Structure formats: structure tokens, C-alpha cells
Amino acid sequence: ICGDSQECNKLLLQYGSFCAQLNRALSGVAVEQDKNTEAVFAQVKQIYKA
Amino acid sequence: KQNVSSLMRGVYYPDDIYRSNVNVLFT
Amino acid sequence: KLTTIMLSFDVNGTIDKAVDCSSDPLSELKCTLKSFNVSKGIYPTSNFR
Ligand SMILES: *[C@@H]1O[C@H](CO)[C@@H](O)[C@H](O)[C@H]1NC(C)=O
Ligand SMILES: *[C@@H]1O[C@H](CO)[C@@H](O)[C@H](O)[C@H]1NC(C)=O
């Protein structure tokens, strides 16, 4: 939102919880798809050789 | 005439208004 | 000097503890996540430094 602006950041300091929601939701989605990629592939633990 | 360290000894009340049970940011 | 800080308060209106997120990466994490207790993990941080 703010291009390293002091006044813009000073006004966003009244919307801290909004960006806390956004960062937490996107981090949870990223961790969720790391879990998805782990669950679809990593089912067997012993990596058998060719 | 030497230096010491500000070991968290500069915290004051920024605004005159009353607040409780909150964590708020300041500039 | 001009600094961004994070201040907590109790039920009595007294200041419990301060962060001063211009000195430490953990302080910047505490100002970013809007909390004083942070769970274990990796978190992107803002530009308070
Ligand atoms: C404080 O330390 C700096 C370097 O660490 C030094 O240049 C300065 O003279 C010191 N301050 C005083 C009042 O001696
Ligand atoms: C607030 O003050 C009362 C004294 O009347 C004390 O018993 C209580 O522990 C204080 N609360 C905090 C959070 O320090």
C-alpha cells in the first residue's frame, strides 16, 4: 500500500489487525499446500532403490 | 565521562488517553 | 529519536513491557504479528527497522 511512506504507514497503524489476518491466512494456506504435497507423495517412508 | 547501555530505561506513556488490556503500536 | 514501538497494558492501565522494533529481528517479529508471545515457525516481517 505504502511506498515506504511515513504518513501512509502511520495511518495503516490503525489497520494492523487486518494485515495480521492477511499474513496469517496466506501463511496458513502455504503451510496447507506444503502438507498437501507431502500427503499426496510421501506415503511410503523407505526410499527403495532402482 | 563514559558510556552505558539503555537497558530498557526509556519507556514512557506516549498518549494522555487511557487504555487497558491492549497491545498498541506507536511511531 | 523517532521510533516505532509496541506497548502493552494491564487491567490497571500500567505498561507491562515494551518491544522497540528497531533493534532486533525478534522485536520486528513481535511488532509484525501484533503479539508478545509468538508460536514456533517462520513468519514474514514488515520494514520497521
Ligand atoms: C561511546 O563509545 C564510542 C565508541 O564506542 C566513543 O567514540 C565515545 O567517545 C564514547 N562516549 C564517551 C562519552 O566517551
Ligand atoms: C492492580 O492493582 C491492584 C491493587 O489494587 C493489584 O491487586 C493488582 O494485582 C493490579 N493488577 C495488575 C495487573 O498489576
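Summarised in this report is the structure supplied together with it.

### A look at the overall build of chain C
Then, in step 1: On a plain count of helices and strands, chain C comes out with one helix and two strands.
Then, in step 2: Counting from the amino terminus, helix and strand elements in chain C follow one another as β-β-α.
Then, in step 3: Principal-axis analysis of the C-alpha atoms places the extent of chain C at approximately 35 × 30 × 10 Å.
Then, in step 4: Residue burial in chain C is summarised as follows: out of 49 residues, 31% are buried.
Then, in step 5: Counting only contacts in chain C whose residues sit at least 6 apart along the sequence, the fraction spanning at least 24 positions is 21%.
Then, in step 6: Summed over all atoms, the accessible surface of chain C reaches about 3,200 Å², with 49% contributed by carbon and sulfur.

### Some words on the interface of chain B and chain C
Then, in step 1: Taken together, the contact between chain B and chain C spans 14 residues of the former and 18 residues of the latter.
Then, in step 2: In this structure, the connection of chain B to chain C is made through zero salt bridges.
Then, in step 3: Run the count over chain B and chain C and you get eight residue pairs in polar contact.
Then, in step 4: Looking at chain direction, strand β1 (residues 23-26) of chain B and strand β1 (residues 5-9) of chain C are connected through four bridges and run antiparallel. Directly across from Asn-23 of chain B, in β1 of chain C, lies its bridge partner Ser-8 of chain C.

### Observations regarding the site of ligand 2
Residues and elements named next belong to chain C.
Then, in step 1: The environment of ligand 2 is made up of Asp-10, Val-11 and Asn-12.
Then, in step 2: Here an oxygen atom of ligand 2 sits 2.4 Å away from a polar atom, N or O, in the side chain of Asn-12.
Then, in step 3: When isolated, ligand 2 has an accessible area of 370 Å², and the protein chains bury 27% of it.

### What to know about the state of the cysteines
Covalently bonding the sulfur atom of one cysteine to the sulfur atom of another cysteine gives a disulfide.
Then, in step 1: Inspection of every chain in the model, using the stated rule, returns two disulfides over all chains.
Then, in step 2: Here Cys-2 of chain A is linked by a disulfide to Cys-8 of chain A, with a sulfur-sulfur distance of 2.0 Å. Across the S-S bond linking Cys-2 of chain A and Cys-8 of chain A, the dihedral sits near -60°, which makes this disulfide left-handed.
Then, in step 3: With its sulfur 2.0 Å from that of its partner, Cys-21 of chain C forms a disulfide with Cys-31 of chain C. Between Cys-21 of chain C and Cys-31 of chain C the disulfide shows an S-S torsion of about -85°. By sign, it is left-handed. Taken as a pair, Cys-21 of chain C in the loop between β2 (15-18) and α1 (25-32) and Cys-31 of chain C in helix α1 lie far apart in primary sequence, 10 residues in all. In this pair, the class of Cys-21 of chain C matches that of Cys-31 of chain C, namely buried.

Conventions and cut-offs
Residues numbered from 1 in each chain as written, not as in the entry; some residues may be left out. Chains lettered and ligands numbered in written order. Part of a larger assembly, values for the part shown. Heavy atoms only, no water. Helix = DSSP H or I, 4+ residues; strand = E, 2+ residues; numbered from the N terminus. Buried < 20%, exposed > 50% of the residue type's maximum accessible area, 1.4 Å probe, protein only. Contact = heavy atoms within 4.5 Å. Areas by Shrake-Rupley, 256 points an atom, 1.4 Å probe, with all protein chains shown as cover. Salt bridge = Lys/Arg side-chain N within 4 Å of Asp/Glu carboxyl O. Polar contact = N/O pair within 3.5 Å; in protein donor to acceptor, adjacent residues only side chain to side chain. Pairing = 2+ DSSP bridges. Near = heavy atom within 4 Å. Disulfide = S-S within 2.5 Å.

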